[PDB]
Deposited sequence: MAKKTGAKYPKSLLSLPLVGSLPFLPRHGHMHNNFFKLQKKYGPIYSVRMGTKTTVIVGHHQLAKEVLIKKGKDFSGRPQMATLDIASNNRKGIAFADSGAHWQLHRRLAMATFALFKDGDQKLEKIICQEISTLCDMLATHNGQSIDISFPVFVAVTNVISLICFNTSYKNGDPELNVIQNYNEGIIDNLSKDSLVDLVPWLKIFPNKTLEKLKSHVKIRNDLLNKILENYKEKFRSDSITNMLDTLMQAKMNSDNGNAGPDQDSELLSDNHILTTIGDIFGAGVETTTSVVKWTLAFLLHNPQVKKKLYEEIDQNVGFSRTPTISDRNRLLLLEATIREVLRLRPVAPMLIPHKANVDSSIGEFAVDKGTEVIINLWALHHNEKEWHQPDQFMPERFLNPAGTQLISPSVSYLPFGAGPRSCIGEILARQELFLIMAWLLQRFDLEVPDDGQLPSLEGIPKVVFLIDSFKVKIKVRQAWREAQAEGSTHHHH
């Protein structure tokens, strides 16, 4: 009695559990590196920090490519921009100009700290009007970080009530929802097997965004001046101007898509982490209580928190590190691709192979972390609690190497200042219905959290002062 002819085999059920965890569970059986074949395409999944650092750092240039996806093609206007552009001249030029722009907010009066605090001050006055009510703080935080990035990109911002903010929120939501069903990593190409309108829907959302950025870029052409380089669009037009004396790599479509990536990444990524951090503080009142004490003893109510306070609010800094470990923004980074024949752990990897770094596995490795599934900001502090520490080398929240995060300085300062200002001024508690946020998460292009509500109250201590 023979065995059945076998035309296909997958190690776990598709659409059953979170992809990054399914891969991690497989390492028990198959090791920290294995492959899956899907037609002509082979994908390698790497789940150990030493192999990850080889792909990202040591052989970074070998695996600095991106795989081309029909979905990502539409969002990136055919692989323009930064995040979804393949390695090469385009990507390297626009990545440098983006990083170069964040230099113009180092110091001065538009010091990045000052643009951020300006928008947090509006956020906090906004939220204070909801004293005693339970609310979803998604949109208020979205507005604040949208204005930070609009100032970095255009030196402009939106006033309260501007309907355009809602238009952006709408198509941000629609693109993320249709960009991928779950993670960017899909084992089966359902998009090409059964009839569906995913690409149609994604196209219409991308049309609205492209139309909106065009209007901004068009009306700004007449305001641009060579001697005034104060934001990202200036940096890009200066390069286009000093090029027509590589100008094909600076067409209007190239400038638009790159600013779209910064606009998108700068908003959806920071809003999500704030929401996650809040959710964890609701499940961990003990940690929340010690944070209030920490900020009352090191900043008080004489002033508002500053970036310099990052040397004094250590537990707050440790909390942000722990959220970025436990619920990484990108559990599997963005997929990589081998530009040439190379190797990982001395295993052959052919050119064109898609390579995926399971950051979730790195952050939950039980040999590298103590009780990895527990929210313990303590793990990033010495036993005394007097200085931050790096307990593990298997920790890469922002990736590393050629394709690493370029908005890391912005994210860290936004996250620290938002939480510092909120904790100084507000009690943040379970809403009166008693529901706690679900910490399971929703894997999309970003690791999102289910929407939830918080009862916001102006702290008595903050009130008694002033």
Missing residue ranges, deposited sequence indexing starting at 1: 1-12, 258-264, 486-494
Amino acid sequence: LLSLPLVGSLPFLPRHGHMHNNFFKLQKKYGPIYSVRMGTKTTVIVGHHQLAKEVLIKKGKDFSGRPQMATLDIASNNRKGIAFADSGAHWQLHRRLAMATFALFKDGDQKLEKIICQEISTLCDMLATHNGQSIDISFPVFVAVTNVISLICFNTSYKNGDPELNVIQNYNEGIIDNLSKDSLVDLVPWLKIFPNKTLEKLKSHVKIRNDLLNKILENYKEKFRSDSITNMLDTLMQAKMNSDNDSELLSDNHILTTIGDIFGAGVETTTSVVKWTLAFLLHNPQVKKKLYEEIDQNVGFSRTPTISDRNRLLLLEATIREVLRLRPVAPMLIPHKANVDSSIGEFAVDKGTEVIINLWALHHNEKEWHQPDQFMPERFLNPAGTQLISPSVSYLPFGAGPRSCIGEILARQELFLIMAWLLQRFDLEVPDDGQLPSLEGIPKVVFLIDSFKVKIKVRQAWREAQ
From here on, numbers count along this sequence of modelled residues.
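Superpose the two forms; the largest set of C-alphas matching within 1.5 Å is the rigid core.
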287-295 against 105-113 - segment lying farther from this form in 6 other deposited structures of this protein (CA RMS, rigid core fit): 105-113
Farther-lying stretch by C-alpha RMS in 6 other deposited structures of this protein, rigid core as reference, of 175-183 and 139-147: 175-183
Other PDB entries, at least a third, lacking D244: yes
Which of 2-10 and 457-465 has higher mean CA B factor, as the PDB entry lists it: 457-465
396-404 or 37-45, whichever carries the higher mean Cα B-factor: 37-45
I135, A330, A83, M241, ranked by C-alpha B-factor: the highest one: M241
Options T353, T235, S343, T258 - largest CA temperature factor per the record: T235
Where the record places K58 (Cα B-factor, split into thirds across the chain): middle
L326, C-alpha B-factor rank within chain (lowest, middle or highest third): lowest
Modelled-residue ranking by C-alpha temperature factor, third containing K197: middle
Lowest, middle or highest third - CA B-factor, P383: highest
CA B-factor placement of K181, once the chain's modelled residues are sorted into thirds: middle
